[PDB]
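Down below is the structure, laid out as structure tokens.
2 protein chains.
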Amino acid sequence: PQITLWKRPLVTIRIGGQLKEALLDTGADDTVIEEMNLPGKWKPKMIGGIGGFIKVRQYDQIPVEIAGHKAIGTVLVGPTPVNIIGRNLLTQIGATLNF
Amino acid sequence: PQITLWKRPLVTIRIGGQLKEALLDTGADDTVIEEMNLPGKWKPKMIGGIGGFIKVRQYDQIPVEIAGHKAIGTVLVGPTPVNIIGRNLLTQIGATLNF
Ligand SMILES: CCC(=O)N[C@H](C(=O)N[C@@H](Cc1ccc(O)cc1)[C@H](O)CN[C@H]1Cc2ccc(cc2)OCCCNC(=O)[C@H]([C@@H](C)CC)NC1=O)C(C)C
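Residue numbers (this note's numbering), protein chains in the order written: chain R, 99 to 197; chain V, 99 to 197.
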């Protein structure tokens, strides 16, 4: 899909067998998902953004379906205002910026 | 051009007669430039991201050239670790996400 940026690039994703809305964020190194139960072990981690640093749970090798496209990587779960798909998963689905 | 997301999508922009490196951010509603003495009237405002909110100065109709592409719009100036080109300006240069 070719997505324009007139509106926030929000798409539906499936993670942990559940559907969620997520922002395709090219300015994000990592993928940060709102607090939820994800099967598997997790390690505590700190990531920074605008405003500062927050504490997140780091889940590795998690399968995530982005608009029907598969990706398996690291997902950080924490207190985020919106579900964010970062470059770590965007590169897996072959996402590019064009202009 | 086509920009892959293997590394952060950093490009050269021209603002206030200066050349800066900025991040193409589809997850940003606004454009945020690192602290600089831009002339003109401004309006105080608060923008939020991952770790919280930061106070910034809102400058309207600021000319900003992005990778040789001309644009003009609202620019926020404040304590940011990196220059962020948001959707407000990305749409003007015809930028899209493709996968
Ligand atoms: C440092 C590693 C890194 O890349 N961190 C990421 C990050 O915050 N990236 C921001 C840019 C940045 C890069 C390197 C660095 O060292 C510090 C900051 C990027 O700007 C985040 N993109 C969005 C995400 C978001 C979207 C909506 C939100 C909150 C967050 O609430 C809606 C409210 C509206 N907020 C926004 O539109 C902001 C603008 C203002 C940021 C400039 N957007 C972002 O922060 C997080 C998301 C893993």
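Note that CB positions come from ideal geometry on N, CA and C, so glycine has one too.
| Asked | Found |
| --- | --- |
| 8 angstroms contact criterion, which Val-154(R) and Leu-187(R) should meet: CB distance rounded | Not really, about 15 angstroms apart at Cβ, beyond 8 angstroms. |
| Local conformation of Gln-100(V) per DSSP, three classes | strand |
| Chain-order list of residues whose beta-carbon lies under 6 angstroms from that of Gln-190(V) (same chain, five-residue window excluded) | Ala-169 |
| Proximal residues, the stretch 104-134 of chain R versus chain V, C-beta separation under 8 angstroms | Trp-104, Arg-106, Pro-107, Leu-121, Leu-122, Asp-123, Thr-124, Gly-125, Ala-126, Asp-127, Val-130 |
| Start and end residues, beta strand (DSSP E) containing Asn-181(V) | 181-183 |
| Contact list for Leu-188(R) against chain V, beta-carbon separation under 7 angstroms | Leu-103 |
| Chain-ordered chain R contacts of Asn-196(V) [CB-CB under 9 angstroms] | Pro-99, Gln-100, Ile-101, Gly-192, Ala-193, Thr-194, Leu-195, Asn-196 |
| Rounded distance between the beta-carbons of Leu-122(V) and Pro-107(V), thought under 8 angstroms | 4 angstroms |
| Where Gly-149(R) meets chain V, residues with beta-carbon distance less than 7 angstroms | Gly-146, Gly-147, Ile-148, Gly-149, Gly-150, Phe-151, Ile-152 |
| Neighbour flag for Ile-182(V) against chain R, beta carbons, 9 angstroms | yes |
| Stretch pair the stretch 125-145 of chain V + the stretch 173-186 of chain V: three plus CB contacts closer than 8 angstroms | yes |
| Limits of the unbroken beta strand (DSSP E) element including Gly-192(R) | First-last for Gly-192(R): undefined, no H or E at that position. |
| Endpoints, beta strand (DSSP E) assigned at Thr-110(R) | 108-113 |
| Reduced DSSP category for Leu-187(R) - H, G, I as helix; E, B as strand; rest coil | helix |
| Under 7 angstroms by beta carbon: chain V residues contacting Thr-178(R) | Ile-148 |
| Check: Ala-169(R) C-beta below 8 angstroms from any heavy atom of ligand 1 | no |
| Local Cβ density within 10 Å of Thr-102(V), reported as buried at 16 or more and exposed below that | exposed |
| Where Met-134(R) sits in the DSSP three-state scheme | coil |
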